[PDB]
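Report on the following structure.
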Amino acid sequence: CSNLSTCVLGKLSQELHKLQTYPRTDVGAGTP
Ligand SMILES: *[C@@H]1O[C@H](CO)[C@@H](O)[C@H](O)[C@H]1NC(C)=O
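Position 22 of the sequence shown, counted from 1, bears residue number 39 in the numbering used here, the numbering being contiguous throughout.
Following this line, the structure appears as structure tokens:
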């Protein structure tokens with residue numbers, strides 16, 4: 018980082034895309 022603004026926004030946005038509340042399985046069973 019260097020901006021300390023676009024840093025923050027970009028980091029948390031990228032994190033939310035990556036993790037996204039861990040979409041492992043979503044149908045009924047919900048297997049790991
Ligand atoms: C600004 O923010 C982005 C996104 O988080 C980051 O990748 C980058 O290293 C930061 N600094 C610059 C100079 O772009």
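Virtual Cβ for every residue (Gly too), placed ideally from N, Cα, C.
With hydrogens ignored, establish whether the beta-carbon of residue i is closer than 7 Å to any heavy atom of ligand 1.
i   : result
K28 : yes
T23 : yes
Kindly say whether residue i, judged by its beta-carbon, lies nearer than 8 Å to any beta-carbon of chain B.
i   : result
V25 : The structure shown has no chain B; it contains just one protein chain.
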